[PDB]
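Below is run.txt, holding compact mmCIF, C-alpha atoms.
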# COMPACT_ATOMS: atom_id res chain seq x y z
CA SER A 1 103.02 90.56 182.59
CA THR A 2 100.40 92.94 181.22
CA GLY A 3 96.74 92.93 180.26
CA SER A 4 94.53 95.04 178.03
CA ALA A 5 90.76 94.97 177.54
CA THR A 6 88.15 97.02 175.72
CA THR A 7 85.38 98.62 177.79
CA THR A 8 82.08 99.48 176.10
CA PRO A 9 79.21 101.73 177.26
CA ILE A 10 76.06 99.82 178.06
CA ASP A 11 73.73 102.39 176.48
CA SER A 12 73.52 105.64 174.51
CA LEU A 13 74.08 107.78 177.62
CA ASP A 14 77.27 106.11 178.93
CA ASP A 15 75.44 105.15 182.12
CA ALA A 16 78.11 102.50 182.78
CA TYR A 17 80.82 100.51 180.99
CA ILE A 18 81.22 96.74 180.73
CA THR A 19 84.47 94.82 180.14
CA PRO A 20 84.68 91.11 179.24
CA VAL A 21 86.29 88.93 181.93
CA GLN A 22 87.12 85.21 181.69
CA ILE A 23 86.36 83.14 184.81
CA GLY A 24 87.10 79.47 185.38
CA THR A 25 88.37 76.56 183.30
CA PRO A 26 87.18 76.28 180.56
CA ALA A 27 86.61 80.04 180.46
CA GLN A 28 83.18 81.49 181.21
CA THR A 29 83.11 85.05 179.84
CA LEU A 30 81.05 87.58 181.81
CA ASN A 31 80.73 91.32 181.19
CA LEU A 32 81.68 93.12 184.40
CA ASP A 33 81.46 96.75 185.54
CA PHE A 34 84.98 97.79 186.58
CA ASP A 35 84.53 99.84 189.76
CA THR A 36 87.35 101.79 191.40
CA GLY A 37 84.88 102.74 194.15
CA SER A 38 84.50 99.25 195.64
CA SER A 39 86.68 96.21 196.27
CA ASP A 40 84.51 93.13 195.66
CA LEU A 41 84.46 90.95 192.54
CA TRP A 42 80.94 89.54 192.47
CA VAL A 43 78.92 87.88 189.72
CA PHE A 44 75.48 86.61 188.88
CA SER A 45 75.69 82.85 189.21
CA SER A 46 73.85 79.54 189.20
CA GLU A 47 73.18 80.22 192.90
CA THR A 48 71.34 83.52 192.36
CA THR A 49 67.64 83.43 193.23
CA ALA A 50 66.14 82.67 189.83
CA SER A 51 63.53 85.35 190.55
CA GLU A 52 66.32 87.94 190.44
CA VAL A 53 68.04 86.99 187.15
CA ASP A 54 66.69 88.66 183.97
CA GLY A 55 68.99 88.12 180.99
CA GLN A 56 72.38 88.18 182.72
CA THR A 57 75.12 85.68 181.91
CA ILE A 58 75.70 83.58 185.02
CA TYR A 59 78.85 81.98 186.41
CA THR A 60 78.42 78.27 187.12
CA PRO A 61 81.19 77.08 189.46
CA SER A 62 80.25 73.41 189.07
CA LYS A 63 81.36 73.63 185.41
CA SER A 64 84.82 75.00 186.29
CA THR A 65 87.54 72.47 187.09
CA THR A 66 89.52 75.15 188.96
CA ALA A 67 86.69 76.50 191.16
CA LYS A 68 86.88 75.79 194.89
CA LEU A 69 84.38 76.75 197.59
CA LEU A 70 85.94 79.09 200.16
CA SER A 71 84.36 77.27 203.08
CA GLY A 72 82.44 79.45 205.52
CA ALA A 73 83.06 82.73 203.72
CA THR A 74 80.18 85.11 203.03
CA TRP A 75 79.89 88.62 201.66
CA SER A 76 77.35 91.44 201.79
CA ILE A 77 77.65 94.86 200.19
CA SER A 78 75.56 98.02 199.84
CA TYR A 79 76.46 100.78 197.41
CA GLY A 80 75.93 104.52 197.63
CA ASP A 81 72.78 104.32 195.51
CA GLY A 82 71.14 101.93 197.97
CA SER A 83 71.61 98.80 195.87
CA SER A 84 72.88 95.64 197.50
CA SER A 85 73.94 92.03 196.97
CA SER A 86 75.23 89.12 199.04
CA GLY A 87 76.24 85.48 198.80
CA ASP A 88 79.09 83.01 199.21
CA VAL A 89 82.61 82.78 197.80
CA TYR A 90 84.66 80.63 195.43
CA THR A 91 88.26 80.92 194.37
CA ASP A 92 88.89 80.45 190.65
CA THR A 93 91.12 81.57 187.79
CA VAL A 94 90.30 85.04 186.45
CA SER A 95 91.80 86.61 183.33
CA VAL A 96 91.39 90.17 182.05
CA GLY A 97 92.65 90.85 178.54
CA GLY A 98 95.39 88.25 178.72
CA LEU A 99 96.34 88.83 182.37
CA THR A 100 95.61 85.81 184.56
CA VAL A 101 95.27 85.53 188.34
CA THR A 102 94.93 82.12 189.96
CA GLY A 103 93.14 81.83 193.27
CA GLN A 104 91.06 84.98 192.86
CA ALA A 105 88.09 85.28 195.21
CA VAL A 106 84.93 85.19 193.07
CA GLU A 107 81.92 86.28 195.13
CA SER A 108 78.82 84.40 194.00
CA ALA A 109 75.56 86.29 194.43
CA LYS A 110 72.67 84.53 196.12
CA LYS A 111 70.60 87.74 196.39
CA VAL A 112 70.74 90.98 194.36
CA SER A 113 68.66 94.13 194.65
CA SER A 114 66.23 95.25 191.97
CA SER A 115 68.59 97.71 190.29
CA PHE A 116 70.96 94.88 189.36
CA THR A 117 68.19 92.55 188.18
CA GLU A 118 66.85 95.35 185.89
CA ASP A 119 70.28 95.98 184.27
CA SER A 120 70.55 92.70 181.86
CA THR A 121 73.89 94.01 180.35
CA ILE A 122 75.86 93.91 183.66
CA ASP A 123 76.80 90.42 184.88
CA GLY A 124 78.68 91.68 187.95
CA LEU A 125 81.26 94.07 189.34
CA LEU A 126 85.06 94.00 189.46
CA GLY A 127 86.24 96.15 192.35
CA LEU A 128 89.47 98.11 192.03
CA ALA A 129 89.54 100.22 195.20
CA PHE A 130 91.87 99.17 198.03
CA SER A 131 91.42 95.73 199.52
CA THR A 132 90.63 97.10 202.99
CA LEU A 133 87.06 97.68 201.74
CA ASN A 134 86.46 94.06 200.68
CA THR A 135 83.39 92.69 202.46
CA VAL A 136 84.27 88.97 202.63
CA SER A 137 84.18 87.58 206.17
CA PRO A 138 85.54 86.19 208.32
CA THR A 139 88.64 86.29 206.05
CA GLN A 140 88.96 89.47 203.98
CA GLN A 141 90.00 88.98 200.36
CA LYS A 142 92.24 90.87 197.94
CA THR A 143 91.13 92.59 194.75
CA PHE A 144 92.13 91.37 191.29
CA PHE A 145 94.60 94.25 191.04
CA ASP A 146 96.26 93.47 194.39
CA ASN A 147 96.59 89.80 193.42
CA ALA A 148 98.06 90.73 190.02
CA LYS A 149 100.47 93.37 191.31
CA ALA A 150 103.37 90.99 191.84
CA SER A 151 103.30 89.84 188.22
CA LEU A 152 102.67 93.20 186.53
CA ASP A 153 105.54 94.88 184.72
CA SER A 154 104.57 98.08 186.61
CA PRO A 155 102.05 98.21 189.50
CA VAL A 156 99.56 100.39 187.62
CA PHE A 157 96.31 100.28 185.72
CA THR A 158 94.90 102.97 183.45
CA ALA A 159 91.35 103.96 182.57
CA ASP A 160 90.69 105.45 179.12
CA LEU A 161 86.90 105.75 178.97
CA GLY A 162 85.19 106.80 175.76
CA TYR A 163 82.49 109.39 175.15
CA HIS A 164 79.68 107.44 173.47
CA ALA A 165 82.33 105.00 172.28
CA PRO A 166 84.51 102.12 173.51
CA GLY A 167 87.61 102.66 175.61
CA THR A 168 90.39 100.70 177.26
CA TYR A 169 91.50 99.38 180.63
CA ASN A 170 95.21 98.49 180.68
CA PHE A 171 97.07 96.65 183.44
CA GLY A 172 100.80 96.91 184.02
CA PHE A 173 101.86 99.55 181.49
CA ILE A 174 101.23 103.13 180.39
CA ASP A 175 100.30 103.51 176.71
CA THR A 176 102.12 106.69 175.75
CA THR A 177 100.14 106.88 172.48
CA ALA A 178 96.81 107.25 174.32
CA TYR A 179 97.24 110.79 175.70
CA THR A 180 98.58 114.21 174.78
CA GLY A 181 101.02 116.33 176.73
CA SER A 182 102.34 115.03 180.04
CA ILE A 183 100.74 113.13 182.91
CA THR A 184 100.24 115.14 186.11
CA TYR A 185 100.46 112.97 189.22
CA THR A 186 98.77 113.92 192.49
CA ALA A 187 98.85 112.39 195.95
CA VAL A 188 96.33 109.75 197.03
CA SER A 189 94.98 109.13 200.52
CA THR A 190 94.08 105.52 201.28
CA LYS A 191 92.66 106.28 204.73
CA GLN A 192 89.07 105.54 203.64
CA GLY A 193 89.89 102.75 201.17
CA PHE A 194 89.27 104.88 198.06
CA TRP A 195 91.40 106.48 195.37
CA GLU A 196 90.98 109.78 197.23
CA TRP A 197 92.72 112.94 196.03
CA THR A 198 92.43 116.73 196.21
CA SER A 199 91.52 118.79 193.16
CA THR A 200 92.97 122.29 193.06
CA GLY A 201 89.95 124.18 191.74
CA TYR A 202 87.47 124.66 188.94
CA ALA A 203 86.22 126.94 186.19
CA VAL A 204 82.84 127.21 184.46
CA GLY A 205 82.96 127.71 180.70
CA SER A 206 85.43 130.44 179.81
CA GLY A 207 85.23 131.95 183.29
CA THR A 208 88.17 132.51 185.59
CA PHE A 209 89.64 129.58 187.50
CA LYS A 210 88.69 129.45 191.19
CA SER A 211 91.53 128.01 193.28
CA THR A 212 89.97 125.96 196.08
CA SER A 213 90.66 122.47 197.40
CA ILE A 214 88.06 119.81 196.57
CA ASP A 215 88.63 116.42 198.19
CA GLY A 216 87.08 113.60 196.20
CA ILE A 217 87.42 110.08 194.88
CA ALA A 218 88.12 108.73 191.39
CA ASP A 219 85.22 106.31 190.87
CA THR A 220 84.71 104.53 187.56
CA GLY A 221 81.61 102.92 189.08
CA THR A 222 79.69 106.19 189.47
CA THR A 223 78.14 107.72 186.36
CA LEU A 224 78.00 111.39 187.25
CA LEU A 225 80.16 114.12 188.79
CA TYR A 226 79.18 115.01 192.37
CA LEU A 227 80.66 118.22 193.79
CA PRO A 228 79.89 120.64 196.63
CA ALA A 229 76.67 122.62 196.39
CA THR A 230 78.53 125.92 195.95
CA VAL A 231 80.39 124.68 192.87
CA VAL A 232 77.33 123.02 191.34
CA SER A 233 75.16 126.10 191.87
CA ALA A 234 77.83 128.20 190.13
CA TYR A 235 77.81 125.88 187.12
CA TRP A 236 74.03 125.66 186.61
CA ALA A 237 73.58 129.40 187.16
CA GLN A 238 75.15 129.78 183.71
CA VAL A 239 72.43 127.67 182.00
CA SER A 240 69.23 129.56 181.24
CA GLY A 241 66.25 127.82 182.82
CA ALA A 242 68.25 125.26 184.79
CA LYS A 243 66.80 124.44 188.19
CA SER A 244 67.09 121.95 191.04
CA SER A 245 64.02 119.71 191.08
CA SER A 246 62.89 117.81 194.17
CA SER A 247 60.63 115.48 192.16
CA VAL A 248 63.50 114.50 189.86
CA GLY A 249 66.21 114.58 192.53
CA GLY A 250 68.73 116.92 190.95
CA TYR A 251 69.45 119.69 188.51
CA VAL A 252 67.55 119.61 185.21
CA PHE A 253 67.81 122.00 182.28
CA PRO A 254 65.89 122.76 179.07
CA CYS A 255 66.97 120.24 176.46
CA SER A 256 67.27 123.17 174.02
CA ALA A 257 70.20 124.69 175.95
CA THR A 258 73.87 124.44 175.07
CA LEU A 259 75.92 123.51 178.11
CA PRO A 260 79.18 125.19 179.13
CA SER A 261 82.31 123.17 179.72
CA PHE A 262 83.64 122.44 183.20
CA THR A 263 87.32 122.51 184.13
CA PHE A 264 88.87 120.89 187.19
CA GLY A 265 92.40 121.29 188.48
CA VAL A 266 95.03 118.60 188.94
CA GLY A 267 97.96 120.34 190.58
CA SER A 268 98.94 123.01 188.07
CA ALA A 269 97.16 121.20 185.22
CA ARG A 270 93.60 121.62 183.98
CA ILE A 271 91.20 118.97 182.67
CA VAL A 272 88.33 120.33 180.56
CA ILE A 273 85.01 118.47 180.40
CA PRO A 274 83.18 119.45 177.18
CA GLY A 275 79.65 120.66 177.80
CA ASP A 276 78.17 117.83 175.74
CA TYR A 277 79.54 115.30 178.25
CA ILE A 278 77.22 116.82 180.90
CA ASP A 279 73.99 116.18 178.95
CA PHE A 280 72.23 113.03 180.16
CA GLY A 281 69.15 113.50 178.06
CA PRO A 282 65.43 113.79 178.72
CA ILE A 283 64.24 112.82 182.20
CA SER A 284 61.51 110.76 180.51
CA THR A 285 60.86 109.84 176.89
CA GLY A 286 59.64 112.89 174.99
CA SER A 287 60.26 115.39 177.80
CA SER A 288 61.83 118.76 177.09
CA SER A 289 63.58 118.66 180.49
CA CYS A 290 67.06 117.13 180.43
CA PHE A 291 69.09 115.68 183.30
CA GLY A 292 72.40 117.27 184.22
CA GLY A 293 75.68 115.42 184.60
CA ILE A 294 76.98 117.59 187.46
CA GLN A 295 75.07 117.17 190.73
CA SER A 296 75.47 118.13 194.37
CA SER A 297 77.31 115.84 196.76
CA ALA A 298 75.57 117.36 199.79
CA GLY A 299 73.36 114.30 200.32
CA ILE A 300 76.24 111.86 199.91
CA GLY A 301 79.02 112.95 202.26
CA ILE A 302 81.81 112.66 199.67
CA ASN A 303 82.68 114.30 196.36
CA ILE A 304 82.84 111.83 193.47
CA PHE A 305 84.77 112.26 190.23
CA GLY A 306 82.73 109.74 188.28
CA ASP A 307 82.66 108.76 184.63
CA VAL A 308 81.60 112.24 183.48
CA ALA A 309 84.94 113.60 184.71
CA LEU A 310 87.15 110.57 184.14
CA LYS A 311 86.15 110.04 180.49
CA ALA A 312 87.56 113.49 179.70
CA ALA A 313 91.04 112.27 180.71
CA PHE A 314 93.57 109.47 180.52
CA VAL A 315 93.77 108.33 184.14
CA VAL A 316 96.62 106.38 185.75
CA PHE A 317 95.94 104.42 188.95
CA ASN A 318 99.46 103.98 190.37
CA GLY A 319 99.44 101.30 193.06
CA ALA A 320 103.08 101.67 194.08
CA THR A 321 103.85 101.58 197.82
CA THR A 322 103.02 105.29 197.89
CA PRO A 323 99.97 105.39 195.58
CA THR A 324 99.29 108.29 193.24
CA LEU A 325 96.77 109.27 190.58
CA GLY A 326 97.80 110.62 187.18
CA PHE A 327 95.71 112.73 184.80
CA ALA A 328 96.46 113.67 181.20
CA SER A 329 94.39 115.23 178.46
CA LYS A 330 93.57 113.15 175.40

Whole structure, structure tokens version:
Amino acid sequence: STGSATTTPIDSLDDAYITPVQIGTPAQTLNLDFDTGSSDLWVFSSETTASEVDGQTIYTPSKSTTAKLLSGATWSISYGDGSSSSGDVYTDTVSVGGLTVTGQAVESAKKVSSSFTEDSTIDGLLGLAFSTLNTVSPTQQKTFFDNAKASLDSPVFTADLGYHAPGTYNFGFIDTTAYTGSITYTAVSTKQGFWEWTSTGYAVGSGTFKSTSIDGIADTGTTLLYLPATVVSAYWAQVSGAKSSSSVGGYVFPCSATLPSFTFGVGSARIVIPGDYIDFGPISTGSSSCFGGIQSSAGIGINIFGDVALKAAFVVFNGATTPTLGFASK
């Protein structure tokens, strides 16, 4: 079996991408944020504190003939940005782009933090990291991808994110029309539950490539690119007037500047991020200070190849017994 679904940016800055997902019988369609940095599938629902729902589409298990309460199971999750949610658990049928899993754990939110309430375009998250990070207790649950693996033609999914435009998540096959050149595969470590890999170096603009190992994670759920302070300082040093701002919490630059590209290494291959991808616009409406798309990971503890990096490539998440990550230009 295979599945294929279109993913669409939620706003003009590509702050996140939503993908339609069918839950229950008859189908209830919710727009979920596919997140390779977590492993919970959770949704706004009829059980969510009404105070904390502001325009989201909610899942109503009582209207699904295939929904079943997973008795005694609870979940609770906090993300790197300090947001959080918790609730109870149903199993139900879940389909993504024609690919159907029966008995998928659907985590129903009773409480959500303010960030989620404020974002009216995101009805929940679909986690695609490794199932060891799933927060359901006392019985840990498997991700959608792990449940689908048996039935997939090939145990892979691919992320083809667009720059200010729709893209595609595919399950079970590699679309050889979607990329140019060859795919470079690199080893993954599962020790922390993430799609963790080692980049082989970087270059700023047309400068010379610096060979140095950068351990990081491929995270579709994180907007920006977070790298070590040395690398990030080297990038912003090339932008006239760019500075790190404590009040804003990161590097900002004059909106009048043109940004250099950023290259990262995958084995012997090179992925180039166009400078325009790094512009996240004015810090406030009408400001001449713009927010940068490359930021320091020093306050985080892990380097994150988020959407800014991943949208520049065709990315293969290979969940074979020895997992690997593949990158190709497009």

Once you count only C-alpha atoms, what closest atom pair and distance in Å to one decimal does each residue of region 136-229 of chain A within 6 Å of region 255-276 of chain A have, with rows by chain and rising residue number, as a tab-separated table?
residue	atom	partner	partner_atom	distance
A:199	CA	A:265	CA	5.4
A:200	CA	A:265	CA	4.7
A:201	CA	A:265	CA	5.0
A:202	CA	A:264	CA	4.4
A:203	CA	A:263	CA	5.0
A:204	CA	A:262	CA	5.0
A:205	CA	A:261	CA	4.7

**Report entry** For residue 167 (chain A): contacts at 12 Å, only C-alpha atoms, fewer than 6 positions along chain excluded, given as a PyMOL selection string
**Finding:** chain A and resi 4-9+14+16-19+158-161+178+307+310-315

Export, as an mmCIF file, in the coordinates of the input, the selected residues with C-alpha atoms.
data_model
loop_
_atom_site.group_PDB
_atom_site.id
_atom_site.type_symbol
_atom_site.label_atom_id
_atom_site.label_comp_id
_atom_site.auth_asym_id
_atom_site.auth_seq_id
_atom_site.Cartn_x
_atom_site.Cartn_y
_atom_site.Cartn_z
ATOM 1 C CA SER A 4 94.530 95.040 178.030
ATOM 2 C CA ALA A 5 90.760 94.970 177.540
ATOM 3 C CA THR A 6 88.150 97.020 175.720
ATOM 4 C CA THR A 7 85.380 98.620 177.790
ATOM 5 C CA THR A 8 82.080 99.480 176.100
ATOM 6 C CA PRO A 9 79.210 101.730 177.260
ATOM 7 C CA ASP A 14 77.270 106.110 178.930
ATOM 8 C CA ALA A 16 78.110 102.500 182.780
ATOM 9 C CA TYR A 17 80.820 100.510 180.990
ATOM 10 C CA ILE A 18 81.220 96.740 180.730
ATOM 11 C CA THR A 19 84.470 94.820 180.140
ATOM 12 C CA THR A 158 94.900 102.970 183.450
ATOM 13 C CA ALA A 159 91.350 103.960 182.570
ATOM 14 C CA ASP A 160 90.690 105.450 179.120
ATOM 15 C CA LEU A 161 86.900 105.750 178.970
ATOM 16 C CA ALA A 178 96.810 107.250 174.320
ATOM 17 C CA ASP A 307 82.660 108.760 184.630
ATOM 18 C CA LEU A 310 87.150 110.570 184.140
ATOM 19 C CA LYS A 311 86.150 110.040 180.490
ATOM 20 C CA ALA A 312 87.560 113.490 179.700
ATOM 21 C CA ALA A 313 91.040 112.270 180.710
ATOM 22 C CA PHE A 314 93.570 109.470 180.520
ATOM 23 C CA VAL A 315 93.770 108.330 184.140
#

Report task. Show which residues sit within 10 Å of residue 20 (chain A), as an NGL selection string. Count only C-alpha atoms, and ignore same-chain residues fewer than 2 positions away. Result -> :A and (5-8 or 18 or 22-23 or 28-34 or 95-97 or 123)

Report summary line: From the list A:106, A:304, A:237, A:122, the nearest residue to residue 56 (chain A) using all atoms listed in the file is A:122

Query raised in the report: Taking into account all atoms listed in the file, which residue in the set A:81, A:132, A:52, A:87 is nearest to residue 113 (chain A)?
Result: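 With all atoms listed in the file as the atom set, the closest residue is A:52.
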
**Report entry** 8 Å contact set for residue 131 (chain A), only C-alpha atoms, chain neighbours under 5 positions out, as a PyMOL selection string
**Finding:** chain A and resi 39+141-143+146+193

Query raised in the report: Which distance in Å separates CA of residue 43 (chain A) and CA of residue 99 (chain A), to one decimal?
Result: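 Rounded to one decimal, the two atoms are 18.9 Å apart.
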